[PDB]
Protein chains: 2
Amino acid sequence: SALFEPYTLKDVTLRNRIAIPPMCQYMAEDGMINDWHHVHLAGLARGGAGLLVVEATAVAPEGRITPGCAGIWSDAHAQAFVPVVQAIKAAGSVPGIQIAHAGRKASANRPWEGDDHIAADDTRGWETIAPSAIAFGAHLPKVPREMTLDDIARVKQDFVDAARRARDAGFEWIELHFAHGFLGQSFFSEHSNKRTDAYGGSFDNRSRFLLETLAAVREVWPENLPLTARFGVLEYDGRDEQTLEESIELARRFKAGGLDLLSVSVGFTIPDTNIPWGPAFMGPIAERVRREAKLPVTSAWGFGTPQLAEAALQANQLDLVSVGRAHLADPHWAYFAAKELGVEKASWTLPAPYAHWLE
Amino acid sequence: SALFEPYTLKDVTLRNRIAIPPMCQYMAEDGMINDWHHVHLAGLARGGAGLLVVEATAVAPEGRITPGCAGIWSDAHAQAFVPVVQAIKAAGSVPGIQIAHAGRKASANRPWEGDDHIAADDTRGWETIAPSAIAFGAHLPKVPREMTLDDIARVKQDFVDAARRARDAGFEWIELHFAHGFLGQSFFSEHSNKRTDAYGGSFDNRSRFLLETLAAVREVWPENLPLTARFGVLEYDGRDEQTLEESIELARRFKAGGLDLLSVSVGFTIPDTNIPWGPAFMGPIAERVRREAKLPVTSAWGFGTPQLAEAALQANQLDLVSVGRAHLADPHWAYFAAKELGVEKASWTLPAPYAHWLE
Ligand SMILES: Cc1cc2c(cc1C)N(C[C@H](O)[C@H](O)[C@H](O)COP(=O)(O)O)c1[nH]c(=O)[nH]c(=O)c1N2
Ligand SMILES: Cc1cc2c(cc1C)N(C[C@H](O)[C@H](O)[C@H](O)COP(=O)(O)O)c1[nH]c(=O)[nH]c(=O)c1N2
Ligand SMILES: O=c1ccc2ccccc2o1
Ligand SMILES: O=c1ccc2ccccc2o1
Ligand SMILES: O=c1ccc2ccccc2o1
Ligand SMILES: O=c1ccc2ccccc2o1
Ligand SMILES: O=c1ccc2ccccc2o1
Ligand SMILES: O=c1ccc2ccccc2o1
Ligand SMILES: O=c1ccc2ccccc2o1
Ligand SMILES: O=c1ccc2ccccc2o1
């Protein structure tokens, strides 16, 4: 089965092609993770996936999505990850982390607590920052503060510091969160970036924050560990062919700047869109990026059945298949997939205290 | 759904009728549990089951089954359970523990490391003890040492100390392991007990170790927390009607001695048997014990599908359904069962960071 073939990228070898993508848990306190995350992540690692990427972890307090988001903006925050990294490795999975800044989508309630921008008088909220003072709209009406050049320098340095901390906490894979309408995606998109300085206007200028952040992170992130990013390559906003072309050009520049793999996603930059949700819907788009940028890719958003995952790999649409919600439902999804695909000794996807009894 | 109705026993309320029975992990070191157990147990508790009973935990070093078995024979061993108990409670499940002594089946290899008695010259092994100097046979050929009266007193006191430690570690449910051919079961069975003192011969004498241990534990175990036992009520050895009758009489004596619930199992006292493995095969036997002893019961050994579990409850064969291997395969089995049985808001069997996305 293609799904169960190992994958090597730089010095890291994944035991199979199942990746658990970053999934926010909304359970941290002032950015500090706790035994929620420890058990959640260690349990997933034991389930058999080759790669486990920790949820969007804020590079700065104002870059959290919500008051429950994880952070890595101090050494104390980083040290909280050390035992979790060690548990993921003990289970034979590769520990990764997504480092993030939510931009104009920050200062929001948890999804089961309203999912909307926090009220002005709620003591939990904060001022958001963005390339331009324009609100997302809908349930996120807060107008962000337009960043100064010094803000841009500061946030870049926060990504560098976050990457350094991740490295020293023992992560073996990093993902820069340039997707989903958060700060990086919002610099790239003309919907959200109306700047007239070096960081807006032209393709080169809109790309600049992302490319400069990648280059700065590259200075501290080891060359022998995968350096990756998540990026929304289209919006489903009626501008798809032009946006895809620009996204592919940016992907080429990321590759030239040392990116090892791209997680291909949707922008979610604005609310007025028509995303065609369905099984494996991102497959053809991921394949086009893979082919036109000549870069390994993963994607998600409906690949969470064993046959869909296998088909995507065999068609060379993807190099890794990211499976999210199915792992919330069943942390041992990789074992389920091994059984479904008829892998020999499928139960040994799991550790011995489980595998022995399930054979 | 009957499976999702709460259950109250003494001062403890279970959120549903799904119990996770004790399942040895073989991952402890000199009896001390570690992050294997912490993550395993906390993850299961979060999966939604109402009751989680920790694996057979030895009351004394020689009462371990294997070198990987958990122990509770010192205060340091007990303290290792405290954070796990706290994690189980944080997840809304009730923490229980099975306290045990493997008797003649002790000093064995882990099941995936031979499953047989440890070789005489292996530095990991030890002398086993039992009511009589008679080997189990087959893959467990070691002849145990016949216990003295002082050994009997000592082992009883070890059960008392174990129960006291469990209480002080915060467990809310205790199960005395009098099943599966281990020390207690072997005192009851005429196959293994050939003693001619007060602890063998007659029904009263063969029952004596078990009843005395129950009474001694009762002196330290709080009256407001369930006091339970697991007991093999037949062997499938050609003596089933007579053995069942005696087992039911003993169950009546356990009830009179303060037992709140009986986990009805098979003896496994000797190898030469013909157990009719199959779906829910213990249902009729459990129902007979429940009715003839007038005691709540659980059982296991093939109830691990949602419809089988529901049927057993609706037929009043069982009060709780124990589901073992299905939980090794899928720690979120309770959520799977809720979905299968059409429970409203099935995803809220799980905690919010999972439930919200699965509705
Ligand atoms: C609970 C939860 C939380 C998050 C997500 C999703 C879910 C369900 N997603 C998106 C996620 O990585 C993935 O793309 C989607 O879940 C789609 O894949 P599936 O169809 O669920 O396999 C996500 N994406 C991301 O880049 N960073 C994140 O931290 C989060 N957080
Ligand atoms: C890995 C493992 C380890 C154990 C068990 C089983 C398994 C699979 N079983 C028996 C268990 O509680 C249960 O009765 C059986 O698994 C049958 O139920 P299922 O058909 O698996 O739901 C068990 N029983 C017991 O009384 N104490 C224990 O510690 C163990 N250990
Ligand atoms: O202590 C541990 C923790 C995790 C683990 C995972 C797989 C195999 C063995 C393990 O041991
Ligand atoms: O980047 C993100 C962060 C959170 C989140 C929650 C649900 C779906 C997608 C998401 O993406
Ligand atoms: O920030 C985000 C981005 C995407 C998304 C998709 C579905 C649900 C929630 C989401 O949140
Ligand atoms: O592909 C999808 C479709 C819906 C959805 C909702 C929440 C989170 C992730 C999701 O992914
Ligand atoms: O810290 C925690 C740990 C476990 C847990 C389980 C359910 C809900 C909330 C929880 O918080
Ligand atoms: O009491 C026990 C202890 C271990 C064990 C292992 C497999 C099956 C049943 C078992 O019962
Ligand atoms: O001690 C035991 C008792 C029962 C049993 C049943 C199946 C497999 C292993 C077992 O071990
Ligand atoms: O009902 C059963 C049947 C087989 C079996 C084997 C190992 C452990 C538990 C088991 O339960």
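Order of the sequence lines sets the chain letters (A, B, ...), proteins ahead of strands, with each chain counted from 1. Note: hydrogens, waters and symmetry copies are ignored here, and every other heavy atom, side chains too, is used.
- A salt bridge between B:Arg154 and B:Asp150 is absent, with no side-chain N of the basic residue lying under 4.0 Å from a carboxylate O of the acidic one.
- The minimum heavy-atom distance between A:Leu14 and A:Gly50, with the atom names listed, is CD2-O, 3.6 Å.
- Relative ring orientation between B:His139 and B:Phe136 is described as perpendicular, the plane-to-plane angle rising above 60° on a 0-90° scale split at 30° and 60°.
- Here the straight-line distance linking atom CE of B:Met23 with atom CD of B:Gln98 works out to 11.5 Å at 0.5 Å rounding.
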Before giving the answer on ring-ring contact (aromatic ring centres under 6.0 Å, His included), spell out for B:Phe303 and B:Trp333 the whole-Å C-alpha distance, their side-chain angles and the decisive distance to 0.1 Å.
CA-CA 12 Å; B:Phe303 292 98; B:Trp333 185 89; over 10 Å; no

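- In this structure, B:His37 has no ring pair (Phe, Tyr, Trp, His ring centres under 6.0 Å) partners at least two apart in sequence or on a different chain.
- Judged by distance alone, the side chains of A:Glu310 and A:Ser1 do bring a donor and an acceptor atom under 3.5 Å apart.
- Salt-bridge annotation for B:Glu29 and B:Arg124: absent, with no side-chain N of the basic residue lying under 4.0 Å from a carboxylate O of the acidic one.
- For A:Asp35, the side-chain hydrogen bond (donor to acceptor under 3.5 Å, both in side chains) partners are B:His38, not counting sequence neighbours.
- Relative ring orientation between B:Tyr26 and B:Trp112 is described as perpendicular, the plane-to-plane angle rising above 60° on a 0-90° scale split at 30° and 60°.
- Checked against a 6.0 Å centroid threshold, the rings of B:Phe268 and B:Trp301 count as neighbours.
- In B:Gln157, the CD atom is crowded: over 12 heavy atoms of neighbouring residues, nucleotides or ligands sit closer than 6.0 Å.
- Counting heavy atoms of neighbouring residues, nucleotides and ligands inside a 6.0 Å radius, atom CG of B:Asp151 exceeds 12 of them.
- In this structure, A:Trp357 has its ring center no closer than 6.0 Å to that of B:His327.
- Sorted by first and then second residue, the salt bridge (charged side-chain N to carboxylate O under 4.0 Å, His left out) pairs involving residues 347-359 of chain A (not counting sequence neighbours) are A:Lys345-A:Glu359.
- The aromatic rings of B:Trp73 and B:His77 lie tilted to each other, with the angle between the two planes from 30° to 60°.
- Salt bridge status for B:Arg164 with B:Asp75: present, with a side-chain N to carboxylate O gap under 4.0 Å.
- Taking every heavy atom of both residues into account, B:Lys142 and B:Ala135 meet most closely at O-CB, 3.5 Å.
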Are B:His180 and B:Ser265 close enough, and set up right, to give a side chain to side chain donor-acceptor pair (under 3.5 Å), and what steps lead you there?
CA-CA 8 Å; B:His180 303 170; B:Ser265 199; 2.7 Å; yes

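- Remark: aromatic rings of A:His332 and A:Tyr354 are close, center separation under 6.0 Å.
- In this structure a side-chain-to-backbone donor-acceptor pair under 3.5 Å is present from B:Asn205 to B:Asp197.
- Of the possible polar contacts, none joining the B:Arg206 side chain to the B:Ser189 backbone as a donor-acceptor pair under 3.5 Å is found.
- Interatomic distance, OG1 of B:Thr243 versus CG of B:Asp237, reported as 5.0 Å (0.5 Å rounding).
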